[PDB]
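One structure below.
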Amino acid sequence: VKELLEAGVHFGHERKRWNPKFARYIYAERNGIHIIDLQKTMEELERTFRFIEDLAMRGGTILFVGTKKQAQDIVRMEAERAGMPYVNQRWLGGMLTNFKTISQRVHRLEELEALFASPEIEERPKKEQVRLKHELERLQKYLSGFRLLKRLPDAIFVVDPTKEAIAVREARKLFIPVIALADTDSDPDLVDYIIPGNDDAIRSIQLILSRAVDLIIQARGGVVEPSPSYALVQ
Amino acid sequence: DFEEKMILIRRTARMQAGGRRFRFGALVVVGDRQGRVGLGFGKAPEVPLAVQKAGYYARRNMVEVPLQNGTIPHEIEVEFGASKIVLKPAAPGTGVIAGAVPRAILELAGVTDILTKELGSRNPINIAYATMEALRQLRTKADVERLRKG
Amino acid sequence: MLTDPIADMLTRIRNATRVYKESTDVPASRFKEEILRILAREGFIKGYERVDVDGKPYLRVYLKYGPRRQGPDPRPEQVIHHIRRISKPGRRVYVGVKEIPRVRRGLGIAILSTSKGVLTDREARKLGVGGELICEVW
RNA sequence: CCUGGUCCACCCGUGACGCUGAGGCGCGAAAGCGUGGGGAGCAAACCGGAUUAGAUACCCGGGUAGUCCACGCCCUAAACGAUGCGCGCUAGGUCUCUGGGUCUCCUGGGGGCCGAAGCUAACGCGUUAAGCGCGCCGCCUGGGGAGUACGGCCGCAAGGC
RNA sequence: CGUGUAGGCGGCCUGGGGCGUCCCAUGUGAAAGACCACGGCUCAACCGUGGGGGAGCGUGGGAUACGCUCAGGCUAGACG
Ligand SMILES: [Mg+2]
Ligand SMILES: [Mg+2]
Ligand SMILES: [Mg+2]
Ligand SMILES: [Mg+2]
Ligand SMILES: [Mg+2]
Ligand SMILES: [Mg+2]
Ligand SMILES: [Mg+2]
Ligand SMILES: [Mg+2]
Ligand SMILES: [Mg+2]
Ligand SMILES: [Mg+2]
Ligand SMILES: [Mg+2]
Ligand SMILES: [Mg+2]
Ligand SMILES: [Mg+2]
Ligand SMILES: [Mg+2]
Ligand SMILES: [Mg+2]
Ligand SMILES: [Mg+2]
Ligand SMILES: [Mg+2]
Ligand SMILES: [Mg+2]
Ligand SMILES: [Mg+2]
Ligand SMILES: [Mg+2]
C-alpha cells in the first residue's frame, strides 16, 4: 500500500542543484530531475518509524519544524492532531540551544494571556491597549506551537533540513535526535533518522507527515481517519 | 562541583571616540581527579564575572581522561594551529612536568606521571586548547581493539 | 611516474578514509599485497581483493571505520587515524632488532620488510630480526 | 613562404628508453651603449607661459636624444600567480575556449568563478591546492648597515653577478 | 624562463649473485672514569673488589622481503 502511494505522486525531486552525499539515495536523473530510489526509502521510512514508534510509546515529545510556505500549514495540522510542539513561523535561533531564554517569551504570552480576561483593562490608556495587544498578537504569531512542552524535545522532525539547518544545528549541538524529510537538496550525513523524498510539492509532505503523526497516536490509541489536507490541494 | 583552577586573566581593550574601553578574559580548568577535566574561556565586563563564566563553560565542555597507574595510556603530539604539545607518559613516581597551562590542566586531570613539551606558539590560550584536544584524542588497549573487531 | 609506489598506496588509503569510503584501488603488486595482508590481519582494513580496470590489475582495498557519533560532526572515528611511511626512497631507514620502534606504546604497528618476510614490530621482535622499517600505522 | 611548440581520435610500433638537475649553454620587457639608416606623432633633457612664499614640479606652448629599422652589446624588473618542476590520490556547482563520439548527452586538453574534505596566524587556498604524499633543484635563519665594501668574473660604458 | 652535464631519485613479473640490509658465533674494543651491587677509611668526597654493558671494526656461517647488480618477460610511465 505504501509503494503505490509514494510512487503515485511523492518521490523524485531537486535536480542538479543537488549534493553528492545523497547518492546511495538515487535511481537516476529523468528529463533532468533527480529521481530518488524509492525501494530504499521504504527501508528508511521503516527504520525511521521504528524510532518514532519506540518513542511515541515511551511518552516523549517530538518537535516539528517547517517554515516554508509549501509546507507550513500541513504541519500546523498534524501537530495539533498529535498535540505536539511545532514551528510554523520563522524558526528563531537558539530556541533549543538557548531555551531558558526564548522560553521567557512564552512566560510573556501567559503574562498577557491572563491579563486578557481581567478587570485591569478598565484602565490602561489607549496606548498600552494597542501595545499590549499587538505584543500578545505577535507573541502568539510566532509561539502558537512553541509552548506545549516546557522541556527539551526528546527528538525533532523536520521538512527541508537544509532549510531549517539552523534548527538541526541546535538539536545536533544538544544531542537531540533528529528525524527529517530531506531530498537531494539536503545532505544526509547530519540527520539521525532520514526521510528521503520530495520537500516542496504538498503531495509528498502530507503523505509522510500524515502516516508519521498517524503512527504517533497508534502508540496511545485512537486510530482515526486522515487529517485536513485537501482544501485547495491543487 | 569539581576542582576549578584559574589559568590566566587578561585585560583586553578596544577603542572608541573619547577613550578606550575594557574587558577581561579567563582561562579556567576544572577537575575531580578521576579523569574528568574541563576547559573554559570566559570574557566579561569585570574580573569576578569572567572567572564565573570560566567555570561555567568548563563544566559544560569536559572530557574523559583514560588514566592508568595515575598516568596516561600512550604518547601524543597535537598542533592547535600554531601551538604544539607533547604528552609522553612517565613511570610511577616522576611528577607532572609541564608549563603552567599544560600542568594546571593535567593536574586536575588526575595525572602525576607525564613528560610534556610546548612547541610552536606558546600562547597560553592556544596551548590550553592543545592540551585538551590532545587528551580527548587518547585511547586505551581497550577502546583500540574495540575498533579492530571485525 | 610514482617514485615510491608504497608511500603512494599508503597515501591512497589515507586519502580515501578522510572522507570515509567503501574501498580504493592501489595499483597491484606482490609487495603492496603483502603490506595490505597485514593491515587486514591486524584489523585496519576489512581486507582486499584483486581486480581489473582495462587489463590493469589493481587491489580493491576495503577500509574500516568506527561507529557513528552523537553531537555535531557525527562522522565516525577512524580505524586508521595515522599512517606515515618511514624508510623513504630518498633515504632508506634500516634497523637492527634492538633498534625496532615501539609504536604508540603498543597501540600501534610498525610494518617493516626483512629477510624472513614482511613482519611487524612484534612479529620481528619475536622472530628476532630487523630490516627496512617500511612504515608506522595506527 | 620557412618553422616551433600543442590537443584530440584510432591502440599500430618501441619496451621504462623515466623524473629532476649543481655547473654549462640559449633565450630574456623597458631603458641604455656601438656602427649605419630612419624620423611623422610622442617625448627625459632643455626653453618659455602660468600656479606658487618659492615651483629646478603637477597644467599650457615649444623641443633633443630616444621611441622605428639592420647588425652587435647590455642581462635588469612589482621578469608576479610575489606560488620551481614531474607524478599519484582526495565532492560537486556553474561558463568558457578548443578537440572526439550509435551528439537533450558523454568524454579529453586549456582558461575563470563558487565551493567537500583538508591546510591556514589570519587573509585565503581548494582536481589550475596553499590538501594528502614521494622525487629532485633553488632559497630563508631579527632590523638597519647593504645588494654597500673588498676580492673575483663579466661589460665599450652605464653597470651586472 | 628554458635546455641540459654531473649527481640524486626509479613502473609490473620471473630467476641468478648476495654489495647494501638483517641474525648468529668468535676476535677486538687496555686500564682509569661512567653505571649496578659489595664492602675500606667514624659518614661522605675520595678509595678497593666484582659484575654488567659500548657502538664501531676483523673473521666464520646463515636469511633474501626491500635497495643494488647481472639475466628473461610485460605494457599502466615515456617516446613513436
Ligand atoms: Mg603549522
Ligand atoms: Mg614486444
Ligand atoms: Mg629538465
Ligand atoms: Mg634585454
Ligand atoms: Mg629597447
Ligand atoms: Mg641607438
Ligand atoms: Mg609639455
Ligand atoms: Mg610637442
Ligand atoms: Mg601579473
Ligand atoms: Mg624574487
Ligand atoms: Mg627549477
Ligand atoms: Mg577545466
Ligand atoms: Mg575559490
Ligand atoms: Mg573543478
Ligand atoms: Mg638590504
Ligand atoms: Mg643593483
Ligand atoms: Mg668589485
Ligand atoms: Mg642523468
Ligand atoms: Mg652481505
Ligand atoms: Mg674501561
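Read the figures in this text as sums done on the coordinates, not as results from a lab. When we count neighbours, we look across all protein chains shown, and the Cβ atoms used for this are built from the backbone with ideal geometry, even at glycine.
Which distance in Å, rounded to a whole number, links the C-alpha centroids of the stretch B:15-29 and the stretch A:182-221?
First find each Cα centre; the distance between them is then 48 Å.
Mind checking which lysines have their C-alpha under 21 Å from B:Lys53, skipping anything on the same chain fewer than 8 residues away?
Excluding near neighbours in sequence, the set is A:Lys100, A:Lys173, B:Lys5, B:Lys43.
Using the Karplus curve 6.51 cos²θ - 1.76 cosθ + 1.60 with θ = phi - 60°, work out ³J(HN,Hα) for each residue of the stretch B:17-22 in order, rounded to whole Hz, and write x for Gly and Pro.
2, x, x, 10, 8, 9
Place +1 on the Cβ of every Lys and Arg and -1 on the Cβ of every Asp and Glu in the stretch A:125-234, take the dipole about the Cα centre, and give the residue among A:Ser144, A:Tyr193, A:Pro228 whose Cα lies farthest towards its positive end.
A:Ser144
Projected onto the charge dipole of the protein assembly as shown (+1 at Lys/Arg Cβ, -1 at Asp/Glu Cβ, origin at the Cα centre), which of B:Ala50, A:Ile217, B:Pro102 gives the Cα projection farthest towards the positive end?
B:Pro102
Distance between the C-alpha centers of the stretch B:102-132 and the stretch C:89-114? Whole Å please.
Comparing the Cα centres of the stretch B:102-132 and the stretch C:89-114, I get a distance of 29 Å.
Using only the Cα atoms, work out Rg/Rh for the stretch C:1-42, with Rh taken as the Kirkwood radius, to two decimals.
Ratio value, two decimals: 0.96.
Whole-Å semi-axes of the protein assembly as shown's equivalent ellipsoid, largest first, each the root of 5 times a Cα gyration tensor eigenvalue? Don't skip to the end; give the middle numbers.
Values: eigenvalues 513, 274, 73 Å².
Semi-axes, largest first: 51, 37, 19 Å.
Please name which of C:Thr11, C:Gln78, C:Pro57 has its Cα lying farthest along the dipole of the stretch C:3-80 towards the positive end, using unit charges on Cβ (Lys, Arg +1; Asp, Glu -1) and the Cα centre as origin.
Toward the positive end, the furthest listed residue is C:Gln78.
Which entries in the list B:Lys117/C:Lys64; A:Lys40/C:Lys21; A:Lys40/A:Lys141 go over 29 Å, if you measure between the two C-alpha atoms of each?
B:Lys117/C:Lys64; A:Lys40/A:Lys141
How many percent of the alpha carbon pairs in chain B exceed a separation of 18 Å?
59 percent
Please list the equivalent ellipsoid semi-axes of the stretch A:82-139, computed as the square roots of five times the alpha-carbon gyration tensor eigenvalues, in descending order and whole angstrom.
27, 12, 11
Name the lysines eligible as straight-distance cross-link partners of B:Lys141: C-alpha to C-alpha under 17 Å, and not fewer than 8 places from it in the same chain.
B:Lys88, B:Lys149
So what is the calculated 222 nm ellipticity per residue for chain A, using -39500 (n - 2.57) for each DSSP H run with n of 4 or more, over all residues, to the nearest 500 deg cm²/dmol?
Values: 7 runs with 94 residues, N = 234.
Value at 222 nm, helices only, nearest 500: -13000 deg cm²/dmol.
Give me the dipole magnitude in Debye, nearest 20, for the stretch B:64-149 about the Cα centre, with unit charges on the beta carbon: positive for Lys and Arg, negative for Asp and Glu. If you can, show how the numbers build up before the last one.
On the way: 11 positive and 10 negative charges, 40 e Å.
Dipole about the Cα centre, nearest 20: 200 debye.
Would you mind ranking A:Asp54, C:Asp4, A:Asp160, C:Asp121 by Cβ crowding within 10 Å, fewest neighbours first?
Exposure proxy ranking, most exposed first: A:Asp54, C:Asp4, C:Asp121, A:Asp160.
Suppose only helical runs count, i.e. DSSP H with n ≥ 4. What mean residue ellipticity at 222 nm does that imply for chain B under -39500 (n - 2.57) per run, divided by all residues and rounded to the nearest 500 deg cm²/dmol?
-8000 deg cm²/dmol
Using +1 on the beta carbon of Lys and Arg, -1 on that of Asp and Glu, and nothing else charged, what's the dipole of the protein assembly as shown about the Cα centre, debye to 20?
Here the size comes out at about 1960 debye.
DSSP loop (so not H, G, I, E, B), at most 13 other Cβ within 10 Å: list which trypsin sites (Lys or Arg not before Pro) in the stretch A:101-181 pass both filters.
On the way: sites: A:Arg105, A:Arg108, A:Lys126, A:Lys127, A:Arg131, A:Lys133, A:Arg138, A:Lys141, A:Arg147, A:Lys150, A:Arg151, A:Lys163, A:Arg169, A:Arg172, A:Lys173; in loops: A:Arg147, A:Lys150, A:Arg151, A:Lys163.
Those that pass, being in a loop and sparsely packed, are A:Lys150, A:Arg151.
Computed over the Cα atoms, what is the radius of gyration of chain C divided by 2.2 N^0.38 Å, N being its residue count?
That works out to 1.09 for chain C.
Within the stretch A:1-61, which trypsin sites (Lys or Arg not before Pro) sit in a loop by DSSP and count at most 11 neighbouring Cβ atoms inside 10 Å?
A:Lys16, A:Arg17, A:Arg24, A:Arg58
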